[PDB]
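Asks: Sequence below, structure please.
(chains A, B, C, D, E, F, G, H, I and J, ligands or ions: 79)
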Amino acid sequence: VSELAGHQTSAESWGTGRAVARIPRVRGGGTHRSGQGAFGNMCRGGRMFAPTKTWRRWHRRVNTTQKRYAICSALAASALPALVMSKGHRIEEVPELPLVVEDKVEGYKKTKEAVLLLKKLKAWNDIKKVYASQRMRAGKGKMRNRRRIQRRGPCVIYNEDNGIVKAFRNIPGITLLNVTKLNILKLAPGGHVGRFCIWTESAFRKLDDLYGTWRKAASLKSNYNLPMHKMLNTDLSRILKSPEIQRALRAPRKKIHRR
Amino acid sequence: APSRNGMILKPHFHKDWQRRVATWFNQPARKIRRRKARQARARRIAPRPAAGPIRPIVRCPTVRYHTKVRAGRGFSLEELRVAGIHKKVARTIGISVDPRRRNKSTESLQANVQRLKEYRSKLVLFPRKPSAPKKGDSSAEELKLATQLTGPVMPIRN
Amino acid sequence: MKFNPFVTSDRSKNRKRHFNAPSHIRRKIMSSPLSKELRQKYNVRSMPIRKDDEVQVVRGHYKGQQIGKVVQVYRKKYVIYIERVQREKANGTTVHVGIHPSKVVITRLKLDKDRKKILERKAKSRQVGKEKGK
RNA sequence: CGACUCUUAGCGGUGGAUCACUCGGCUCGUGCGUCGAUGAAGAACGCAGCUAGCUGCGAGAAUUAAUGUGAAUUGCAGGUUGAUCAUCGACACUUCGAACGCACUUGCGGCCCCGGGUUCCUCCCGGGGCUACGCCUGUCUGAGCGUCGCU
RNA sequence: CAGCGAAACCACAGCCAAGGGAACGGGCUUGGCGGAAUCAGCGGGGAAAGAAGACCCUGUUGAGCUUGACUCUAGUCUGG
RNA sequence: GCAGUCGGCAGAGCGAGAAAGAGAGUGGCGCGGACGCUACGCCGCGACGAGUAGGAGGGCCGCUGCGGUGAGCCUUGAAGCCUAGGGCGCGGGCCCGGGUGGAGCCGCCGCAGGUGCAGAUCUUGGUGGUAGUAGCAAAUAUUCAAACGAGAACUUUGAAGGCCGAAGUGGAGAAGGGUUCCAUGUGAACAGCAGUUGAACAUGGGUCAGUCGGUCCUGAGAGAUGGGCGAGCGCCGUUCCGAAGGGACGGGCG
RNA sequence: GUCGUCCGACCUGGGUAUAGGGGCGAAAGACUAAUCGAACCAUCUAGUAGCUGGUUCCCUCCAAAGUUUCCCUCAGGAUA
RNA sequence: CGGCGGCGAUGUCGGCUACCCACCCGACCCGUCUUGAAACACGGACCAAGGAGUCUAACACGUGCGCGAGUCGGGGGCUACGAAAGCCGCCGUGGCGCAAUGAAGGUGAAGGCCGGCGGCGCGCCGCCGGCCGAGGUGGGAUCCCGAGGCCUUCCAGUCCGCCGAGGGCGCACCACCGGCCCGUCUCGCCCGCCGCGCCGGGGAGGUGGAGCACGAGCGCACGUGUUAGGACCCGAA
RNA sequence: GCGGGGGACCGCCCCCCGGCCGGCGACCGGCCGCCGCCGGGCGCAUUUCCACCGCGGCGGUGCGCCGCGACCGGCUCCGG
RNA sequence: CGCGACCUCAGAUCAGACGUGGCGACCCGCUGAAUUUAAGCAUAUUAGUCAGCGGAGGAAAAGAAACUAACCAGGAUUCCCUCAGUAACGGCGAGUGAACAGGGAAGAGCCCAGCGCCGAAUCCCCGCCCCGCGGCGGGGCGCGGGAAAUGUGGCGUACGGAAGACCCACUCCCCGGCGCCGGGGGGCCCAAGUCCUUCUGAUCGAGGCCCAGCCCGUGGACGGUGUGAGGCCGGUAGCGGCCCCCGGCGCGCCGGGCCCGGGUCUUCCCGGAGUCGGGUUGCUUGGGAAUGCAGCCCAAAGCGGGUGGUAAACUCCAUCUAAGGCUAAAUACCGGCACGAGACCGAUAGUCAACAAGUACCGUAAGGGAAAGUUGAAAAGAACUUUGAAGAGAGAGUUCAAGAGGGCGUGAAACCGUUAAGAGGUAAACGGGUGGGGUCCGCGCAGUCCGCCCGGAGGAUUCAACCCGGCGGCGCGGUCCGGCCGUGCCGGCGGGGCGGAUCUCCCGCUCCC
Ligand SMILES: [Mg+2]
Ligand SMILES: [Mg+2]
Ligand SMILES: [Mg+2]
Ligand SMILES: [Mg+2]
Ligand SMILES: [Mg+2]
Ligand SMILES: [Mg+2]
Ligand SMILES: [Mg+2]
Ligand SMILES: [Mg+2]
Ligand SMILES: [Mg+2]
Ligand SMILES: [Mg+2]
Ligand SMILES: [Mg+2]
Ligand SMILES: [Mg+2]
Ligand SMILES: [Mg+2]
Ligand SMILES: [Mg+2]
Ligand SMILES: [Mg+2]
Ligand SMILES: [Mg+2]
Ligand SMILES: [Mg+2]
Ligand SMILES: [Mg+2]
Ligand SMILES: [Mg+2]
Ligand SMILES: [Mg+2]
Ligand SMILES: [Mg+2]
Ligand SMILES: [Mg+2]
Ligand SMILES: [Mg+2]
Ligand SMILES: [Mg+2]
Ligand SMILES: [Mg+2]
Ligand SMILES: [Mg+2]
Ligand SMILES: [Mg+2]
Ligand SMILES: [Mg+2]
Ligand SMILES: [Mg+2]
Ligand SMILES: [Mg+2]
Ligand SMILES: [Mg+2]
Ligand SMILES: [Mg+2]
Ligand SMILES: [Mg+2]
Ligand SMILES: [Mg+2]
Ligand SMILES: [Mg+2]
Ligand SMILES: [Mg+2]
Ligand SMILES: [Mg+2]
Ligand SMILES: [Mg+2]
Ligand SMILES: [Mg+2]
Ligand SMILES: [Mg+2]
Ligand SMILES: [Mg+2]
Ligand SMILES: [Mg+2]
Ligand SMILES: [Mg+2]
Ligand SMILES: [Mg+2]
Ligand SMILES: [Mg+2]
Ligand SMILES: [Mg+2]
Ligand SMILES: [Mg+2]
Ligand SMILES: [Mg+2]
Ligand SMILES: [Mg+2]
Ligand SMILES: [Mg+2]
Ligand SMILES: [Mg+2]
Ligand SMILES: [Mg+2]
Ligand SMILES: [Mg+2]
Ligand SMILES: [Mg+2]
Ligand SMILES: [Mg+2]
Ligand SMILES: [Mg+2]
Ligand SMILES: [Mg+2]
Ligand SMILES: [Mg+2]
Ligand SMILES: [Mg+2]
Ligand SMILES: [Mg+2]
Ligand SMILES: [Mg+2]
Ligand SMILES: [Mg+2]
Ligand SMILES: [Mg+2]
Ligand SMILES: [Mg+2]
Ligand SMILES: [Mg+2]
Ligand SMILES: [Mg+2]
Ligand SMILES: [Mg+2]
Ligand SMILES: [Mg+2]
Ligand SMILES: [Mg+2]
Ligand SMILES: [Mg+2]
Ligand SMILES: [Mg+2]
Ligand SMILES: [Mg+2]
Ligand SMILES: [Mg+2]
Ligand SMILES: [Mg+2]
Ligand SMILES: [Mg+2]
Ligand SMILES: [Mg+2]
Ligand SMILES: [Mg+2]
Ligand SMILES: [Mg+2]
Ligand SMILES: [Mg+2]
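Replies: Numbering: from 1, shown residues only, chains lettered A, B, ... in the order given. Ligands and ions are numbered 1, 2, ... in the order given. Below is the structure:
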């Protein structure tokens, strides 16, 4: 808000006496705005309580190791079919989930080649779900330049741009990303992992140099290696019913002793 | 009033600091404008290097930094004199000149002299009238293989 | 998607610019599509409407295959008046009801020399696009 | 039973809440970064066929010219060789205001020229051009028992 | 009576005796008891209305005035 | 306590007062078997439950907006609002039915806050009781007939009776007001009853100067230039540290 | 209504002069635009307040202090 | 219960609740300050809408995440949403951390065994070599060994699993004792050389320190608390 | 002599191989075997599968509303 | 006496110019509080802040050391990060509080006076001619007038400068005009559904568009159009088009200017004064025996002066060269012109102002300062009849709807009118517990199915078992065949990248004959 808002009056309290409630009031004049409650959050007119300043800390810096960590985790989750279907991408007919199409499609120019590529890669049902999710937003966002909301289709991730961005950018829901500039805001939308990704081939091969293996560090980063698993076998059921633990377990007490 | 065990603090907020608060919401705008001014300068001085003239090797004073060398303001007049370069043609062929700087030792003098003689060895000088080459100007092969250099001209290393 | 940083997409700015547009910009807003035969004749999809175009109403209560000439282009309420597109008041006098030209199909233009110049310009720019695409 | 009173529901008033809209703000950022004695900023008074306000304009007064545009304006009348709009580079721009002949009353001048008047000889009337302070360079007229020289 | 037509005030309200109670109740306890809607009067009560007690005290709250209060200062006297 | 749902790859045990193995080897027909287990879940025992100031936890309590999501809802009717309808929850609150309304809205995971009201002699707006009550009582006074009009205590005319009583309730000006002046029309609003009336509202009109005033003079004073002061806008000063006369008759010369 | 004065330190219009720690006062701290023991307007200023008033959803669990010592401390803090 | 009964279609069944009414018992009007309020304490006629612990900075502690003796690009630079995100390492300058202590000059964080030699009178009081080497005591979660033993005719007899008297190594941590570093004090003998000096270094014993004694920090986010800011909101003279 | 280029070494990584070993339950193919399912045949009605009926039995769940009884068990208050 | 120089000073409506005033967000120079905090208050703090005054510009100011430092030294100014809440100041209390070094952004330097030499070689103005003529400029002619020797111009400025002699070495910079060749404003334009049904008051809704899975899509931003639109329209996208205009950028011609240097040696020369500095006073600063500024008094020097953060004397050393001047960029910008955007606000909010808002109105004045959005898709804004003097009705009519009727969307609550029902002497109201009556609800009113078996008739080309084919699951099928992978390892007549504070043939460069 403006820092002059509500303070652009001359207003004194009438003091005690006068059988009125001791708030500042407007001076003089024959008009409605005369003795009419000027300063304070409780008055009509007057500034709000604790007026919002511009120098609120709008921006948050995240550690670089954590930002690469989140990119690593979102990429890792975008290759498991349960997590992307739980994100709601329609992938029940795609032929492999780390869906890498070969490098010819980066040289696309027209949108019809892009649509035919998605239809033959069976990812067009996601764009059809995005079309079905096109609607108007509830609330004042419509009056604040945010009239239409719609869900997210795939993220086409590429290495070099030979027109693929212009060939794909008119299809709704599709986000284009360069592998050198992977965005966590566009690879885990809403903070939820499981974004559907369609890779191109050189884009897919540069991932082992952008983030590294465990044996080799990142060739395209200064000092970064892949984060380390706090547990390596996460199959808890396979761990528990393996014979080594079961020979050391005691007998289970499965019997209900009620009152 | 103070509570239990804690620091004694002296915040310097007893003035009317909120008039003179300088937010940085124009930070990427300043960065993007400085970048476009840099590329406009680099495009204007088209074969001359973008960062600027060559800067000499200076030892930092004041014992915390006196093991480290860095780029000074300009080559000093005795360095240009030993290198055999006129102190007015130096700034025309791209050499920074510091009249104010003394020398106190031979080795920094000689290192910046050898820097000047290493820079004039790399200098490709275009002729002043484009259809008529002159006596000291560079030849048409290095004119056709001239490029604009990025970063500091022969950057200073420890 | 718009990429031009000088063209606004702000809803209130677009609405202010539409409802406070001066009359020669209003003429371009009050533009009607040509018929299918007029499209295949002049290679022009849309044209600003004038005081003598024979048109058809295709949306509204007065829609149908009947044809009437525009009798008035009332640019201030963004409407046009067509011949038999009318309604009767209480007292028995007919008044013309306003029709927006976007709901209007032009079947016969008033061909002036200005109109022919505009038609040639639109057809030529369309063909420049068609022969630039290949 | 009734009248009156109380409670609840239905309907109707009073009132303008809520909700949904939004040619308006607020905040941030970009580019440019321009007033005036050639009279600014501001103010006053006028100007439309019907016009009070707002807006636009200046006795050429809701505008003139030129260009772009290309058939309207419209609340009602009336009347394409370019209507209306936009641009605006041509022209015009009342009175005051630093405000400038002197004053602040719409008061009083003075000088020059032109037209009536006259019969330029003055008057009188109308019109035009000048008449403020400070200050710079230069010009002319001068001032001085200032300093000299010459006769 | 015809026409016109306000305001102050208002937790809810409004019959008493004693009791206890924040030591003087319209409400609570125990009694006396209690009957629509009203008019003109009336000044016992509502510890009635009016105005964040002006008396008194506290505040590390002031202001007007005085001087032998503390610290300064215009002016003035005096020396350089 | 429960990963032991350990099934023709079966054998369905582990509450039982007493440290530990329902251990393994080798010599002497019919194709069957509830549920469970959002492990942040589910189940079982036992004890307990006051609460101001205050602290903590859980909210499938609520509002607004953002990021994801619901192949969500919606002109075959959204939000909002009303309801003697049906219900749910300990509760915050929510869901559904009916009606009205006429265009948007909500569930879930996270994010953000200008996020929940009974009070503050709170702010702004609206409405009550009081109450058809107080009141329309200072300056002696009105009555009769007629007219116009839908309509008369009040307008107009006539008659009568009265008052101001020339220091006026008269005839005129100053200042101030600014069209209130005049004529016609209207009776919506105002003129604290009314009104056919008005200083109201709407249409048109109206102010004529050599001699009447301003204009001119100076008064008490105000106030520039000069001068002086002043960081400075400027201030003092008004004859004072001023070369302050631009005027005139006569003579000569063009 | 009754009254003081009503040829003189009389009453009065217009013009003019004095402006806020200043004016003006036949002197009451009177008057200075319903304001005067320091006018009015705007700003500094959302001045400060150990002092009054208020402080907005539910359920669950735990649950006080008015005492010690020091303080221009006694309507407040620090400390236990 | 492997016991039964009665009533039913236009006048009846059920509906704890929900509207009105009746009755018995209970029951003073809320908010607030207060030892004590229903108070003859103050605010509140009624209704709708608005209306009060916020933001920034610093610090503390707790918690979550990342990396970790390091950590951090925040400032700069390179390449619609995007003013975002990605990158830079010869952009870690720098911050905080890894070292303290003293006013400062300044100094700055284990030592023992062996071979050789009453100089003195380090048997004591230095340097040549080699070796071993970062303390101890008590408690201490966990863990290790195991005298024996956990039956199915009975003697063996092996392997595995389990239990176990007793004995161990002892995490973190606590308490105590030693040890080391800087300041300061007391006592006392030596060792060094480019300059042998108003030089420099050492020891024993106390004692002051926000230290060491085989790290734990940095960045980010959340929560509370204390402040400086209008600072929860309204209020002076 | 300086600075730079060259070479060697060392470490790590990547790729060819030669060999063990592990996994294919975050990651397979081929045939063989066993099973299960789907489809198509043959099979042809003392089998199978549909739908109806009895106030049928068995086991579970409830009776539309209003009721009553019986015994079992727990806690109680009494009595002979 | 008179005439003429010069100096000083006047006058003019003399000829030509210039200043005033405004705006003021940012900037510069002065002036300059108190509230506040210190739990009082006086120094301090607030704060060199507000208010006041003057002056600007598109930036200002600052700025090329009378500097920092004590180092192996750096090198104008400005700005950012860090220095650093530190040195230091402080009733040493409250509190205040820099600088250097370092990394960056930017980056640019220069000119006088003085000292000297060149026949004042210099400048301004009027007259004529030619050109260009809307930034009044270029060439030539004037026995044209002034300024200036009380010092203009050329060279030259502390980094040194100049002159002479000896060597080395090129003839190309710029001005005024002019024509010719290859970013900015404005204007006009450029894809594809109104296809077939269907909802509706209206569709932009819903369904469909085959074998091209309607069409375009470098366009699926947005707005308008009778709900909701990629395809109806304007637009959007595009190194898309066209036409003007204004530049910038190259080459060419005419006239004019400038007829210029580096090195070596020799000889000369060189600096800003009522200023520095001292004392004192007052303000200011972190600057503390005095950081800066100012008044007053004293008052300089030249192997000198200033600084070297403790006053002073002696002595070394270091570093600059004061008292004259200009200078872009990085930097700042709540005013203005034109834009764009938003996790903002949504008519008691957001600016005071969404609207005839700094308006109406108030105050003598300085000043103070509102309320107020919404019919509908379209006025289609209710013709006509009838009552009344009329307002106001009743009919009729428009509309999807007047249950939207010109302060009209939705239309809450308080409060009021009426209808319905119930009740009524301890004011009402409430909690618990029932009862009665209503309103509706259960679309209650002969009441439950589910699984297995028995019986009864019925229907069905039907079960098991065998054949073919496909799919899937599962002993390494001990040691079936082959692949792939390893936060697995070993081997090497292996072929490479990266790194290392691990060691050691060529080139450049620096002394040496
Ligand atoms: Mg406001
Ligand atoms: Mg809403
Ligand atoms: Mg506390
Ligand atoms: Mg640069
Ligand atoms: Mg409303
Ligand atoms: Mg014209
Ligand atoms: Mg025209
Ligand atoms: Mg006068
Ligand atoms: Mg009456
Ligand atoms: Mg009472
Ligand atoms: Mg009672
Ligand atoms: Mg009484
Ligand atoms: Mg009081
Ligand atoms: Mg009082
Ligand atoms: Mg006290
Ligand atoms: Mg006082
Ligand atoms: Mg409890
Ligand atoms: Mg609508
Ligand atoms: Mg908000
Ligand atoms: Mg309320
Ligand atoms: Mg009465
Ligand atoms: Mg009346
Ligand atoms: Mg009259
Ligand atoms: Mg006459
Ligand atoms: Mg004066
Ligand atoms: Mg008097
Ligand atoms: Mg007195
Ligand atoms: Mg107190
Ligand atoms: Mg108290
Ligand atoms: Mg009772
Ligand atoms: Mg209280
Ligand atoms: Mg008391
Ligand atoms: Mg109470
Ligand atoms: Mg009492
Ligand atoms: Mg009180
Ligand atoms: Mg009250
Ligand atoms: Mg509310
Ligand atoms: Mg922490
Ligand atoms: Mg943006
Ligand atoms: Mg704390
Ligand atoms: Mg406050
Ligand atoms: Mg606070
Ligand atoms: Mg206040
Ligand atoms: Mg003149
Ligand atoms: Mg104080
Ligand atoms: Mg205080
Ligand atoms: Mg005080
Ligand atoms: Mg100060
Ligand atoms: Mg100021
Ligand atoms: Mg000025
Ligand atoms: Mg300017
Ligand atoms: Mg300067
Ligand atoms: Mg510097
Ligand atoms: Mg620090
Ligand atoms: Mg200060
Ligand atoms: Mg520095
Ligand atoms: Mg000279
Ligand atoms: Mg010169
Ligand atoms: Mg210099
Ligand atoms: Mg469709
Ligand atoms: Mg659309
Ligand atoms: Mg639309
Ligand atoms: Mg479509
Ligand atoms: Mg189109
Ligand atoms: Mg288009
Ligand atoms: Mg375009
Ligand atoms: Mg000070
Ligand atoms: Mg010294
Ligand atoms: Mg010293
Ligand atoms: Mg100088
Ligand atoms: Mg200088
Ligand atoms: Mg409003
Ligand atoms: Mg509203
Ligand atoms: Mg408003
Ligand atoms: Mg409304
Ligand atoms: Mg409706
Ligand atoms: Mg409606
Ligand atoms: Mg309505
Ligand atoms: Mg009744």
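Asks: now the helices: where do they sit in the chain?
Replies: As the question left the chain open, I've gone with chain A. A:64-77, A:81-87, A:111-120, A:124-132, A:164-168, A:184-187, A:201-205, A:207-210, A:236-240, A:243-248 (DSSP state H).
Asks: Sorry, I should have been clearer: chain C.
Replies: Ranges of helices in chain C, per DSSP H, are C:11-19, C:23-29, C:36-42, C:113-132.
Asks: anything in the longest one near RNA strand J?
Replies: So that's helix C:113-132. Yes: applying CB under 7 Å from any atom of the strand, one finds helix C:113-132 in contact with RNA strand J at C:118, C:121-122, C:124-126, C:128-129, C:132. No exception for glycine: its C-beta is placed from N, CA and C like everyone else's.
Asks: now what about that helix, what contacts it?
Replies: Around helix C:113-132, the neighbours that count as contacts under CB atoms under 8 Å, 6 or more residues apart in numbering or on different chains are C:42-45, C:47-48, C:50, C:109.
Asks: Can I have the buried ones of these as a PyMOL selection?
Replies: This is the PyMOL syntax for the buried subset of the contacts of helix C:113-132, where burial follows 16 or more other CB atoms under 10 Å in any protein chain shown:
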select buried, chain C and resi 42+43+44+47+48+50+109
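Asks: quick one: which of the contacts of helix C:113-132 is nearest to RNA strand J?
Replies: Using CB to the nearest atom of the strand, residue C:45 comes nearest to RNA strand J of the contacts of helix C:113-132, at 4.4 Å.
Asks: Check the gap between the closest one and chain A for me.
Replies: Residue C:45 sits 20 Å away from chain A, going by CB to the nearest CB, to the nearest Å.
Asks: In contact with that residue, which residues are there?
Replies: C:33-34, C:39, C:126.
Asks: rerun at 10 Å
Replies: By CB atoms under 10 Å, 6 or more residues apart in numbering or on different chains, the residues touching residue C:45 are C:31, C:33-34, C:38-39, C:122, C:126.
Asks: ditto for residue A:178
Replies: Residue A:178 makes contact with A:157-161, A:165, A:203, A:206 under the criterion CB under 10 Å, 6+ apart.
Asks: Dump the biggest helix by length in chain B to CSV, restricted to CA.
Replies: In chain B, with assignment by DSSP H, the single longest helix is helix B:27-44. This file holds the C-alpha atoms of helix B:27-44, laid out as CSV (Å, rounded to 0.1, in the frame of the first residue of the first chain):
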residue,chain,number,x,y,z
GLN,B,27,18.8,-5.7,-9.5
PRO,B,28,18.2,-8.0,-12.5
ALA,B,29,17.2,-4.9,-14.5
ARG,B,30,20.5,-3.2,-13.6
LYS,B,31,22.3,-6.5,-14.5
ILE,B,32,20.4,-6.8,-17.8
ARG,B,33,21.1,-3.1,-18.6
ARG,B,34,24.8,-3.4,-17.7
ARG,B,35,25.0,-6.5,-19.9
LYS,B,36,23.4,-4.7,-22.9
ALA,B,37,25.7,-1.7,-22.4
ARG,B,38,28.7,-4.1,-22.3
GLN,B,39,27.6,-5.8,-25.6
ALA,B,40,26.9,-2.4,-27.1
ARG,B,41,30.5,-1.3,-26.2
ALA,B,42,31.9,-4.6,-27.5
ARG,B,43,30.0,-4.1,-30.8
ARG,B,44,31.2,-0.5,-31.1
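Asks: Need the residues that contact the helix or strand just after it.
Replies: Once the chain leaves helix B:27-44, the next helix or strand it forms, by DSSP states H and E, is strand B:57-59. Here strand B:57-59 makes contact (CB under 10 Å, 6+ apart) with B:65-76, B:98, B:101, B:105, B:107-108, B:111-112, B:114-115, B:156-157.
Asks: what's the answer for stretch A:59-71, then?
Replies: If you take CB under 10 Å, 6+ apart as the criterion, stretch A:59-71 is touched by A:182-185, A:187-188, A:191, A:193, A:210-211, A:218, A:221-227, B:24-25, B:27.
Asks: hang on, the earlier thing: of the contacts of residue A:178, just the buried ones, ChimeraX syntax please.
Replies: The buried residues among the contacts of residue A:178 can be selected in ChimeraX (16+ other CB under 10 Å) with this line:
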select /A:157,158,159,165,203,206
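Asks: which two from the contacts of residue A:178 end up farthest apart in space?
Replies: Longest distance between any two of those is 17.4 Å, between A:165 and A:206; criterion CB to CB.
Asks: at contact distance from RNA strand E, anything in stretch A:33-44?
Replies: No: figure legend: stretch A:33-44 not in contact with RNA strand E (CB under 7 Å from any atom of the strand); closest approach 14.2 Å.
Asks: What are the buried residues along that stretch?
Replies: A:37-39, A:43.
Asks: Please go through the residues you listed and note which also touch RNA strand H.
Replies: A:39, A:43.
Asks: CSV for the buried residues of stretch A:33-44, including distance to residue A:66?
Replies: Output for these, formatted as CSV (distance: CB to CB, whole Å):
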residue, distance to residue A:66
A:37, 51
A:38, 49
A:39, 46
A:43, 47
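Asks: farthest-separated two in the buried residues of stretch A:33-44?
Replies: Within the buried residues of stretch A:33-44, A:37 and A:39 form the most distant pair, 8.4 Å apart (CB to CB).
Asks: list residues touching both of those two?
Replies: A:11, A:23-26, A:45-46.
Asks: Make CSV from these and add distance to RNA strand D to it.
Replies: Shown next, in CSV, are the shared contacts of residue A:37 and residue A:39 (distance: CB to the nearest atom of the strand, whole Å):
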residue, distance to RNA strand D
A:11, 20
A:23, 22
A:24, 22
A:25, 22
A:26, 20
A:45, 13
A:46, 15
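Asks: and those, which are buried?
Replies: Listed as buried from these are A:11, A:23-26, A:45-46; burial here means 16+ other CB under 10 Å.
Asks: thinking again about what came up before, restricted to strands, list the contacts of residue A:178.
Replies: Judged by DSSP state E, the contacts of residue A:178 include A:157-158 as members of strands.
Asks: which one of the contacts of residue A:178 is nearest residue A:238?
Replies: Taking CB to CB as the measure, residue A:238 sits nearest to residue A:157 out of the contacts of residue A:178, at 32.7 Å.
Asks: So which residues of chain A form strands?
Replies: Secondary structure of chain A, counting by DSSP E: strands at A:11-13, A:24-26, A:99-101, A:135-136, A:148-149, A:155-158, A:175-178, A:197-200.
Asks: can you tell if the fifth one touches RNA strand J?
Replies: In this case it means strand A:148-149. Yes: Strand A:148-149 comes into contact with RNA strand J (CB under 7 Å from any atom of the strand), by way of residue A:148.
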